Amino acid sequence: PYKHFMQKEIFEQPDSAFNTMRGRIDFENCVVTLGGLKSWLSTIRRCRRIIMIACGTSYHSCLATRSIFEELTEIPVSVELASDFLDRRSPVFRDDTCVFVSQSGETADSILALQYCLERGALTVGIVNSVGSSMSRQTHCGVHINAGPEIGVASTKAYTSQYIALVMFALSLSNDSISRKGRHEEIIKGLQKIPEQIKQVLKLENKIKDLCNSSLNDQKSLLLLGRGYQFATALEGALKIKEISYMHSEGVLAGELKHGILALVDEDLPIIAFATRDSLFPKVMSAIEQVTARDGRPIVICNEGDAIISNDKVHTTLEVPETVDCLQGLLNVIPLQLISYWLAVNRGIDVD
Amino acid sequence: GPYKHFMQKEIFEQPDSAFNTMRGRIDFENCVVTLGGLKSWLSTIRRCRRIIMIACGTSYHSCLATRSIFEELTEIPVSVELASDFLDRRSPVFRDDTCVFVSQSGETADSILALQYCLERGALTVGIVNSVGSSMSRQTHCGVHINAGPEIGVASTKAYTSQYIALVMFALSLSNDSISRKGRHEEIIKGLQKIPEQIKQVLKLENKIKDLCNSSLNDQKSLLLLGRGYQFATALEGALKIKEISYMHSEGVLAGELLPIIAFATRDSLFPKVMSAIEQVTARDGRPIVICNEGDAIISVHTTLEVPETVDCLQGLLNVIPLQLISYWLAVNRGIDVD
Amino acid sequence: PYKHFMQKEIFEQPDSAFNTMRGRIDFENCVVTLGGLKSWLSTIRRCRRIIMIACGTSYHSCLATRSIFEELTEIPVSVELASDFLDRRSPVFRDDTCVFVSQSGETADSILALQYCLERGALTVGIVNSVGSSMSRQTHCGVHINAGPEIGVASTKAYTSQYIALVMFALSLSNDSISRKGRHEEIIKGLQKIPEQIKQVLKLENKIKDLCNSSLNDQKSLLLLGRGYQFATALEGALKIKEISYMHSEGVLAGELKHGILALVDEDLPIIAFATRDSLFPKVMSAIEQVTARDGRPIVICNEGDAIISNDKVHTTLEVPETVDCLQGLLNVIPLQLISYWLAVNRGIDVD
Amino acid sequence: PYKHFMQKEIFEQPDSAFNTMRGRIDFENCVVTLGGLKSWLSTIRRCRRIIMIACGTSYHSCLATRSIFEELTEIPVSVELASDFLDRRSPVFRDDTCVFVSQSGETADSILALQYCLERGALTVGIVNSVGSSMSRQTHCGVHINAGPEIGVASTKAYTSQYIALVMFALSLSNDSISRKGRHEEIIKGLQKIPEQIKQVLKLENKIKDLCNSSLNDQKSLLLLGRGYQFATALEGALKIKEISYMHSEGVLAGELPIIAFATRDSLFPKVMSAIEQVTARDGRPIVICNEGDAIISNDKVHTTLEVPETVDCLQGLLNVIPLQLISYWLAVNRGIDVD
Ligand SMILES: CC(=O)N[C@H]1[C@@H](OP(=O)(O)OP(=O)(O)OC[C@H]2O[C@@H](n3ccc(=O)[nH]c3=O)[C@H](O)[C@@H]2O)O[C@H](CO)[C@@H](O)[C@@H]1O
Ligand SMILES: CC(=O)N[C@H]1[C@@H](OP(=O)(O)OP(=O)(O)OC[C@H]2O[C@@H](n3ccc(=O)[nH]c3=O)[C@H](O)[C@@H]2O)O[C@H](CO)[C@@H](O)[C@@H]1O
Ligand SMILES: CC(=O)N[C@H]1[C@@H](OP(=O)(O)OP(=O)(O)OC[C@H]2O[C@@H](n3ccc(=O)[nH]c3=O)[C@H](O)[C@@H]2O)O[C@H](CO)[C@@H](O)[C@@H]1O
Ligand SMILES: CC(=O)N[C@H]1[C@@H](OP(=O)(O)OP(=O)(O)OC[C@H]2O[C@@H](n3ccc(=O)[nH]c3=O)[C@H](O)[C@@H]2O)O[C@H](CO)[C@@H](O)[C@@H]1O
Ligand SMILES: O=P(O)(O)OC[C@H]1O[C@H](O)[C@H](O)[C@@H](O)[C@@H]1O
Ligand SMILES: O=P(O)(O)OC[C@H]1O[C@H](O)[C@H](O)[C@@H](O)[C@@H]1O
Ligand SMILES: O=P(O)(O)OC[C@H]1O[C@H](O)[C@H](O)[C@@H](O)[C@@H]1O
Ligand SMILES: O=P(O)(O)OC[C@H]1O[C@H](O)[C@H](O)[C@@H](O)[C@@H]1O
Ligand code: NA
Ligand code: NA
Ligand code: NA
Ligand code: NA
């Protein structure tokens, strides 16, 4: 039924999200069980620090979950792009837990980084889609994310499944804390609702197709504004627009600079702002106000029912269900996957 | 004086500010660094779980620019945080953290809020600050005043190079008990000695940069800066300067990870991916501007801005200077009053 | 009604034990709250290691509780005699939590050690009986054990009270652990019963006076055998007999040497063996057997109902109630306090 | 020309001390190189703490060297008796470096402790005499102490050889420190002289035989007083007197609350002086192990002196133990005990 494997894979996300969780979460009793990390959790916690290492969209899934790993575990977590980690020859030691995230399990820079960590005596953990791939075999332990084969040229379902697996890993690490139990239960109940909420978000495709057929087609760049949990989503949206749509895109930390890119943009530059409640900071509102003050006409991804910009000012809304704060990225990325897909179609590009 | 603007003056002041930052703190003959503010705190800093560097804007750049040398010389985990994002994530900190705050003014709101957060959590706090007795200077437990003198220009020029130098001295101080580091120490200190005179030499690129800025470069809507490794910070800081001073969009891009283009191709950061990126550009006849070491031919049409070769971890101090001059002259050519 | 303050203090222990716990343990909800440490616990929970530092009987209360601190917290715990700590110039750093235990809060070696740790930037915690004593003032935080004044020349109720305060501190450090919950509850329900069980143990006094009068008064030395939880009890009993009674005494790790002191003993040298269930190791049984075979007749401290040796093989029994393993030393020490006291008074030695 | 393997083994110590160092110390350039640990040191240096785990005399060699490890490395070091470590079910984790010291490499409690540590993911290092014994094989890395086979029933040369191997291990761990370079050179130059100093100490044998011919040999107990570096020597002396001489003995922390007191300069604390003064106040006739030429007790109190050469403070125990080995041996002979 689908024009392309990429469209199929985006639309497959209710099912891949469920498949990632299948057999791993008891939603009734709120227990996460990751069999691959079985005899290893008590060791993983006993480390100086967690280093998340990955490339491209897999690196963004690490950015998207860093905060919740930090929050739930109180272990320091850093996130490294594999090639830059290697370029810096960043010291790694026996007391580090190195977490490698990869859809393919074959990316050269990820494998080189893994070899570097292994030879230095670090504990290694893989979060990998392709079962038995190099990264899966070579990591000490890990989780196969169970998204199924990905044939689109860019990662869609693997991103949402990686993010979910990383959240389950964070929950697993913090499963002995009385003080975390309410937070755990909140997040696990939220996860249970993700697959159906993804289905809801997919109903935005018509509005997106329309927007992609608009003046948007002709524009040469698109800027995405995000802060907090949604900065990763802004970076991933930009990567998608670049890798798939062959259009220039940058993810911008919203409102960080008063006199940055937003003071420079043309009236008609496409700007997407993430304004869901989890990441609705004063600086986000300032950035959005700055755009509208200059007569810009931004596209706002926000929660159902929220009016971020007055009806008096021209702007586009793409409304998404509200979920638990640290899970909102799973829903907010979907319109970007669809926008990047339909822009590439509007332009004649093959995405498989 | 001879200077059109405060910003131009402060750019040209860098041989002196770089010297002043080192003054009384480095014995170049015996290769000994002595930072009076940190003296009795070093043993405590050396034993922490991790160092978190926390800063905004150009000061965040100076942390990125020196992250690798801290890691290399100390083998302590070092992370670099933008103050607002650190606060947005509510990143946990604890007694065993050493939090290093870098700020020219010592008054930036987000940096102060971040310091107060770390203090309340019981972390050890260290300031690298220009303004003596500012909030950040007072409220950190210990620190180094960078001694760059007052900064009047709207964007940081001398404060970036002086912060970077102060951070390198801090890294050297932390690792001054290591026999295996001694050769690397001496190399960096002998390098630092020559920085002020090398900065004088790089400032002689101004006329070449004026010629470049008189061209259609000054009419462009975007300028991309490509760098990797030590020079990625320099790419980010060049981008920030072009945005903040020249009012032109600019982006610092990690070279070859995935319109005028500036590429950093000095030897310290001349990776395969940089060469690949540069090849991609020349293949489409892109005409890149290449910042490279004196005498190197990185490309067989392009513009070359040659800079003296220094110790790898110090190359960013010389590479940033043409970007400061480009952002300044682009602004002048576009009729912007930089002050 | 007491002959000496020391006797009064020994008999005061049901009340001092209760007074130490008062306002600090919710026995129904199994919650421990130590006001003086409350705001400091997350900091202590985080350190590289705990160093317990003390002199004499206070040093023994640290040995008596070292295992339960290690078990409940999984933080390394070492136990230092203050003078030897200072003699070795053991390095201490900002990441150490140094726990100082002292009845008087004034002992020179403990104060010197505290000053050394403070100057090195370590976090310091006091467990002290004398409110506002030097050690109470100078530590960063602490617990006043609330045992009341001791006038006896040797510590009795302050030993049991210190030991209880130390167990409460360990419970407080581990009060966020789901996996520890059952063990927590076990110990707290145990602590609730300690004051009445001490009342029960104190009923051994007449049998102990008989034993001193029939078998011990004329003696020049006595050996205490103990292992595991009861090794500290054996050392403290030895100290009491030395300090109070002016008789030689040695605490011996039971069955450690096949040809050590037990291979050398007479059949009339008095030997006390701790054989309560919590510390009834094979090596303890072997030691006892090495004694009865040599025709030594050991004095066996054991749980009510237990027959450790044959009635065929001659021995004296002092039965004590069974409590939780890590609490059994609180009851096992009491017969030793009473023995040392009666030995002293039967020799016209003042104990106050 | 020896009566027993024990006596031979005591007298072999100049050679065993030399053999333990052979090929591992460059005394000219002051460099220690332990082949067995080469590429493991950077990892050993990166642990939360070091736990030294051993039984009997090997436990004492750990006590004897704890201070120098802590001094030189600034890593926390604890010393555990293997059986008690197991009795407590002491938690250990991936970030622990567990160091096992054993002459035989077969002692049951040390083996069980090793297996417990290995199961918990700890890094394990062996300091072992018997090449290819269980503990030699099962530790991740280690140093064979190269003392030669030990046939005496109690450890004599293995103690001084284990102690020297442990000091070399601490030197190796700290070989990157500029601030400790002077202390390193001092210890290494001191190690060079230990073999010939042990020869010197063995010349006390005749004085010791005279002492053991006295009514010392029909005593029921002998107390040994020591503090600091010499507390381990007092504990090891007491063990030797119990295991060999069949006489009760206790090693006592001097001044904490027949007498041999260690009063060498490395461990001449006020509390040691005060303890000795208590004995001479009662005209108790102590036996004093002290450095050559030091008068610890004046001649108006009766006492016996056993002078030993002064070495570097942390090495003094290597010499101070030798008279106790000889005392335990000659007491047994005078008591008709076959020490073998
Ligand atoms: C593919 C596979 O055999 N998975 C089985 C596993 O699923 P389960 O979900 O338990 O395990 P995973 O597929 O996640 O992991 C399989 C194994 O590979 C390791 N690993 C995985 C990813 C990685 O990047 N690195 C790595 O080392 C894990 O530690 C584990 O040993 O147990 C279930 C039985 O209950 C079965 O339904 C599955 O057939
Ligand atoms: C400010 C001051 O009087 N500096 C004097 C100091 O310079 P010196 O270079 O020794 O000290 P700095 O100016 O770097 O620092 C001064 C004090 O401020 C603290 N600190 C500094 C920066 C910071 O951000 N946070 C912070 O706490 C330092 O720990 C130190 O206690 O001795 C010199 C002579 O030896 C004098 O010429 C300088 O006038
Ligand atoms: C002295 C005081 O007013 N104590 C009150 C406190 O007891 P609470 O049991 O809370 O506190 P403690 O008496 O144990 O400690 C008093 C203070 O002294 C500090 N400290 C204590 C011991 C030590 O060795 N070092 C040290 O620094 C503590 O951190 C605390 O700040 O609240 C109780 C009600 O809950 C009152 O009944 C107590 O009268
Ligand atoms: C046993 C052996 O062949 N040793 C050789 C080794 O001595 P060298 O002194 O290098 O090594 P050791 O004999 O100390 O140790 C041999 C090996 O056993 C390991 N180990 C040792 C003891 C222990 O308790 N646990 C443990 O794992 C070491 O890590 C090493 O891998 O190189 C020398 C050549 O330069 C040879 O003269 C020695 O014959
Ligand atoms: O997740 P993987 O298989 O390690 O691949 C990482 C990245 O590899 C390349 O950079 C791809 O173009 C990206 O789309 C992909 O995300
Ligand atoms: O270094 P400081 O005083 O904390 O200021 C940080 C940043 O603050 C502001 O953004 C300035 O415009 C920047 O130029 C500056 O780099
Ligand atoms: O517990 P405190 O006050 O520090 O005293 C410690 C020790 O000090 C001295 O050693 C006393 O004789 C002991 O009985 C006492 O236990
Ligand atoms: O050093 P090993 O072979 O582990 O032996 C440890 C102890 O084992 C036994 O206790 C021996 O009797 C002691 O002499 C010895 O010291
Ligand atoms: Na694997
Ligand atoms: Na300050
Ligand atoms: Na206090
Ligand atoms: Na081995």
Side-chain angles (χ1 to χ4, degrees), chain A residues 256-260, chain B residues 7 54-63 82-84 101-112 114-115 127-131 134-137 146 148 151 153-157 159-160 162-163 236-237 240-241 243-245, chain C residues 36-37 40 100 105 114 118 124-126 128 131-144, chain D residues 19-24 32-41 44 99-105 110 114 123-146 162 165 168-169:
Chain A
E256 181 65 17
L257 309 187
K258 292 182 142 203
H259 320 293
Chain B
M7 180 184 173
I54 299 166
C56 296
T58 290
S59 288
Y60 165 83
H61 300 154
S62 76
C63 297
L82 190 72
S84 67
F101 293 85
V102 184
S103 179
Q104 189 284 137
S105 66
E107 304 293 349
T108 302
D110 282 333
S111 289
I112 288 172
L115 174 50
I128 303 303
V129 178
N130 193 36
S131 165
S134 52
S135 295
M136 287 185 42
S137 174
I146 77 177
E151 201 173 56
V154 168
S156 156
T157 56
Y160 177 75
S162 273
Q163 283 168 354
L236 289 181
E237 172 54 18
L240 180 54
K241 278 292 168 287
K243 290 189 289 185
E244 73 187 330
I245 295 295
Chain C
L37 302 183
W40 289 91
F100 293 83
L114 180 43
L118 280 167
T124 64
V125 178
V128 176
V131 176
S133 52
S134 293
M135 180 182 292
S136 169
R137 297 190 304 269
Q138 288 173 24
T139 44
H140 294 101
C141 63
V143 172
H144 285 129
Chain D
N19 286 333
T20 291
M21 303 186 230
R22 179 198 303 276
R24 298 161 161 173
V32 178
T33 302
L34 294 169
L37 302 179
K38 263 164 191 151
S39 67
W40 292 88
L41 296 176
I44 298 155
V99 176
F100 296 84
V101 180
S102 170
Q103 188 280 133
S104 68
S110 293
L114 174 50
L123 180 59
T124 64
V125 182
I127 303 296
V128 177
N129 195 36
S130 164
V131 170
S133 47
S134 301
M135 303 194 63
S136 176
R137 282 189 273 104
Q138 292 175 44
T139 39
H140 293 101
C141 63
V143 173
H144 292 122
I145 73 178
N146 291 339
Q162 280 166 352
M168 291 195 289
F169 182 16

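For ligands, and for the atoms within them, numbers begin at 1 and follow the listed sequence. Numbered from 1 within each chain, the chains take letters A, B, ... in sequence-line order. When reading the values below, keep in mind they use all heavy atoms of this one structure, side chains included, and skip hydrogens, waters and symmetry mates.
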Give the C-alpha distance, both sets of side-chain angles, the deciding distance and a yes or no for side chain to side chain donor-acceptor pair (under 3.5 Å) between B:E237 and B:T58.
CA-CA 6 Å; B:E237 172 54 18; B:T58 290; 2.9 Å; yes
Would you mind checking which non-hydrogen protein atom is closest to [atom], with the distance to 0.1 Å?
atom: atom 1 (O) of ligand 6; result: B:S59 OG, 2.6 Å
atom: atom 12 (O) of ligand 6; result: B:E244 OE1, 4.3 Å
atom: atom 29 (O) of ligand 4; result: D:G36 O, 2.7 Å
atom: atom 5 (O) of ligand 6; result: B:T108 OG1, 3.3 Å
atom: atom 15 (O) of ligand 4; result: D:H144 ND1, 3.3 Å
atom: atom 6 (C) of ligand 6; result: B:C56 O, 3.5 Å

Just by distance, with hydrogens left out, do B:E107 and B:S134 show a side-chain donor and acceptor under 3.5 Å apart?
no
Side chains of C:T124 and C:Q138, donor plus acceptor under 3.5 Å:
no
For [X], atoms of ligand 4 separated by under 4.0 Å from a heavy atom:
X: D:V143; result: 14 (O), 21 (C), 22 (C)
X: D:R24; result: 9 (O), 14 (O)
X: D:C141; result: 20 (N), 25 (N), 26 (C), 27 (O), 29 (O)

Can a protein heavy atom be found under 4.0 Å away from atom 25 (N) of ligand 4?
yes
Closer than 4.0 Å: a protein non-hydrogen atom to atom 22 (C) of ligand 4:
yes
[X] heavy atoms, cut-off 4.0 Å: which ligand 6 atoms fall inside?
X: B:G57; answer: 16 (O)
X: B:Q104; answer: 1 (O), 2 (P), 3 (O)
X: B:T58; answer: 16 (O)

Tested for side-chain contact (heavy atoms from CB on, under 4.5 Å) against D:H140, the lone hit among D:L37, D:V125, D:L123 is D:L123
Does D:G142, backbone or side chain, put an N or O under 3.5 Å from an N or O of ligand 4?
yes
N, O or S from C:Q138 under 3.0 Å to the Na ion (ligand 11):
no
Can you tell me if, anywhere in C:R137, an N/O/S atom lies at a distance from the Na ion (ligand 11) that is smaller than 3.0 Å?
yes
Could you go through the side-chain contact (heavy atoms from CB on, under 4.5 Å) check for D:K38 and D:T33 one step at a time?
CA-CA 7 Å; D:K38 263 164 191 151; D:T33 302; 3.7 Å; yes
